[PDB]
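For reference, the structure discussed in these notes is given below.
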Amino acid sequence: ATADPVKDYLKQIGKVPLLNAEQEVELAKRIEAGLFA
DNA sequence: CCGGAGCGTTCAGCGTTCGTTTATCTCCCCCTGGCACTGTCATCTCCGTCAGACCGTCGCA
């Protein structure tokens, strides 16, 4: 919680794992499965 | 010596024309939705106030 909240938001994004092709299509399949459920 | 004709004014028959509306047809404005090689972290601030106080804050003692 500091000034210039855009920097705090960018740090809040943090080190999230980027998605390659296989992880992205697996997540899309899980998206469709959860939607169907 | 009234009588008639001509003239002034004032109204009832139907006959046309207005005053104000209505739905349909072009032209335009305005808002929500589509785009499928990939493309995954910016941005320059801020200095030669200034003058000292008021105040909380904070690590050292």
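Labels used: A, B, ... for chains in the order of the structure tokens, numbers from 1 for residues in each chain, and numbers from 1 for ligands as shown.
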
Can you build me a table of chain B residues sitting at most 12 Å from chain A, with the closest atom pair per residue and its distance in Å to one decimal, using only C-alpha atoms (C1' of nucleotides), sorted by chain and residue number, as JSON lines?
```
{"residue": "B:40", "atom": "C1'", "partner": "A:18", "partner_atom": "CA", "distance": 8.2}
{"residue": "B:41", "atom": "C1'", "partner": "A:10", "partner_atom": "CA", "distance": 7.3}
{"residue": "B:42", "atom": "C1'", "partner": "A:6", "partner_atom": "CA", "distance": 10.0}
{"residue": "B:43", "atom": "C1'", "partner": "A:7", "partner_atom": "CA", "distance": 10.5}
{"residue": "B:45", "atom": "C1'", "partner": "A:4", "partner_atom": "CA", "distance": 12.0}
```

Output N, CA, C and O atoms (P, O5', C5', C4', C3', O3' and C1' of nucleotides) of each residue in that selection to a file, as a compact mmCIF listing (two decimals), in the first residue's frame.
```
# COMPACT_ATOMS: atom_id res chain seq x y z
P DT B 40 4.20 -10.82 -26.15
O5' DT B 40 3.16 -9.85 -25.43
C5' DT B 40 3.63 -8.82 -24.57
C4' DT B 40 3.39 -9.20 -23.12
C3' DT B 40 4.54 -9.96 -22.46
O3' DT B 40 5.41 -9.04 -21.77
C1' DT B 40 2.37 -10.88 -21.89
P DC B 41 5.11 -8.54 -20.27
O5' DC B 41 5.96 -7.19 -20.15
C5' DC B 41 5.55 -6.02 -20.86
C4' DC B 41 5.61 -4.79 -19.96
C3' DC B 41 7.00 -4.48 -19.41
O3' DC B 41 7.40 -3.10 -19.73
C1' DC B 41 5.42 -4.78 -17.61
P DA B 42 7.03 -1.84 -18.78
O5' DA B 42 7.52 -0.58 -19.63
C5' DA B 42 6.96 -0.32 -20.91
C4' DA B 42 6.12 0.95 -20.90
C3' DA B 42 6.92 2.25 -20.81
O3' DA B 42 6.32 3.23 -21.65
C1' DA B 42 5.41 2.12 -19.00
P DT B 43 7.20 4.46 -22.21
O5' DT B 43 7.21 5.50 -20.99
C5' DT B 43 6.00 6.12 -20.58
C4' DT B 43 6.20 6.87 -19.28
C3' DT B 43 7.61 7.33 -19.01
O3' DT B 43 7.84 8.60 -19.62
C1' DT B 43 6.51 6.53 -17.01
P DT B 45 8.84 14.30 -16.86
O5' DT B 45 9.34 15.36 -15.77
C5' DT B 45 10.15 14.93 -14.68
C4' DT B 45 9.29 14.50 -13.50
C3' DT B 45 9.73 15.03 -12.14
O3' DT B 45 8.59 15.42 -11.38
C1' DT B 45 9.65 12.68 -12.07
```

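Residues of chain A that DSSP, applied to the backbone, places in helix (DSSP H, G or I): residues 5, 6, 7, 8, 9, 10, 11, 12, 13, 21, 22, 23, 24, 25, 26, 27, 28, 29, 30, 31, 32, 33, 34, 35 and 36 of chain A.
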
Dump N, CA and C atoms for the selected residues as an mmCIF file, in the first residue's frame?
```cif
data_model
loop_
_atom_site.group_PDB
_atom_site.id
_atom_site.type_symbol
_atom_site.label_atom_id
_atom_site.label_comp_id
_atom_site.auth_asym_id
_atom_site.auth_seq_id
_atom_site.Cartn_x
_atom_site.Cartn_y
_atom_site.Cartn_z
ATOM 1 N N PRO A 5 -0.534 3.827 -7.396
ATOM 2 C CA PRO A 5 -1.107 2.478 -7.249
ATOM 3 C C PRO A 5 -0.905 1.571 -8.453
ATOM 4 N N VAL A 6 -0.490 2.104 -9.603
ATOM 5 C CA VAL A 6 -0.225 1.248 -10.756
ATOM 6 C C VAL A 6 0.979 0.347 -10.496
ATOM 7 N N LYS A 7 1.998 0.859 -9.797
ATOM 8 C CA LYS A 7 3.138 0.025 -9.427
ATOM 9 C C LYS A 7 2.719 -1.075 -8.461
ATOM 10 N N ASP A 8 1.849 -0.741 -7.504
ATOM 11 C CA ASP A 8 1.353 -1.743 -6.569
ATOM 12 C C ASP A 8 0.521 -2.798 -7.287
ATOM 13 N N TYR A 9 -0.257 -2.391 -8.293
ATOM 14 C CA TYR A 9 -1.025 -3.359 -9.073
ATOM 15 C C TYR A 9 -0.113 -4.269 -9.890
ATOM 16 N N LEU A 10 0.941 -3.703 -10.485
ATOM 17 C CA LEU A 10 1.884 -4.512 -11.251
ATOM 18 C C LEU A 10 2.616 -5.505 -10.357
ATOM 19 N N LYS A 11 2.966 -5.091 -9.137
ATOM 20 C CA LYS A 11 3.537 -6.035 -8.180
ATOM 21 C C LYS A 11 2.501 -7.051 -7.708
ATOM 22 N N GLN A 12 1.227 -6.654 -7.648
ATOM 23 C CA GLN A 12 0.160 -7.574 -7.274
ATOM 24 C C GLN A 12 -0.051 -8.643 -8.336
ATOM 25 N N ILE A 13 0.239 -8.324 -9.600
ATOM 26 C CA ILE A 13 0.262 -9.355 -10.636
ATOM 27 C C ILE A 13 1.296 -10.418 -10.285
ATOM 28 N N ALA A 21 1.451 -23.650 -24.787
ATOM 29 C CA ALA A 21 0.327 -24.169 -25.562
ATOM 30 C C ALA A 21 -0.402 -25.286 -24.820
ATOM 31 N N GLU A 22 0.350 -26.244 -24.267
ATOM 32 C CA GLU A 22 -0.268 -27.405 -23.627
ATOM 33 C C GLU A 22 -1.039 -27.013 -22.374
ATOM 34 N N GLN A 23 -0.451 -26.162 -21.531
ATOM 35 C CA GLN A 23 -1.149 -25.722 -20.327
ATOM 36 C C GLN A 23 -2.380 -24.898 -20.676
ATOM 37 N N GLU A 24 -2.289 -24.066 -21.717
ATOM 38 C CA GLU A 24 -3.433 -23.252 -22.115
ATOM 39 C C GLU A 24 -4.575 -24.111 -22.645
ATOM 40 N N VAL A 25 -4.270 -25.119 -23.470
ATOM 41 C CA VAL A 25 -5.351 -25.956 -23.986
ATOM 42 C C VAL A 25 -5.914 -26.852 -22.885
ATOM 43 N N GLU A 26 -5.083 -27.271 -21.924
ATOM 44 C CA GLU A 26 -5.600 -28.016 -20.779
ATOM 45 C C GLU A 26 -6.532 -27.151 -19.937
ATOM 46 N N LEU A 27 -6.160 -25.886 -19.724
ATOM 47 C CA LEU A 27 -7.031 -24.972 -18.994
ATOM 48 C C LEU A 27 -8.319 -24.705 -19.760
ATOM 49 N N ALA A 28 -8.247 -24.613 -21.090
ATOM 50 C CA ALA A 28 -9.458 -24.426 -21.887
ATOM 51 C C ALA A 28 -10.376 -25.641 -21.801
ATOM 52 N N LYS A 29 -9.797 -26.845 -21.813
ATOM 53 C CA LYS A 29 -10.597 -28.054 -21.640
ATOM 54 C C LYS A 29 -11.259 -28.082 -20.268
ATOM 55 N N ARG A 30 -10.521 -27.684 -19.226
ATOM 56 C CA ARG A 30 -11.118 -27.591 -17.896
ATOM 57 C C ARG A 30 -12.196 -26.513 -17.839
ATOM 58 N N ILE A 31 -12.011 -25.418 -18.583
ATOM 59 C CA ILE A 31 -13.023 -24.367 -18.675
ATOM 60 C C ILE A 31 -14.314 -24.935 -19.240
ATOM 61 N N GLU A 32 -14.202 -25.660 -20.354
ATOM 62 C CA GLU A 32 -15.388 -26.223 -20.989
ATOM 63 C C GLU A 32 -16.038 -27.279 -20.105
ATOM 64 N N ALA A 33 -15.229 -28.088 -19.413
ATOM 65 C CA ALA A 33 -15.776 -29.105 -18.520
ATOM 66 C C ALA A 33 -16.537 -28.475 -17.357
ATOM 67 N N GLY A 34 -15.961 -27.440 -16.740
ATOM 68 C CA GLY A 34 -16.653 -26.758 -15.659
ATOM 69 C C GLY A 34 -17.908 -26.051 -16.129
ATOM 70 N N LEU A 35 -17.860 -25.471 -17.332
ATOM 71 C CA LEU A 35 -19.047 -24.856 -17.914
ATOM 72 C C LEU A 35 -20.147 -25.881 -18.132
ATOM 73 N N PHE A 36 -19.791 -27.059 -18.649
ATOM 74 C CA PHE A 36 -20.788 -28.100 -18.872
ATOM 75 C C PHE A 36 -21.363 -28.593 -17.552
#
```

Distance in Å - CA of residue 3 in chain A versus CA of residue 16 in chain A
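Here the two named atoms are 23.2 Å from each other.
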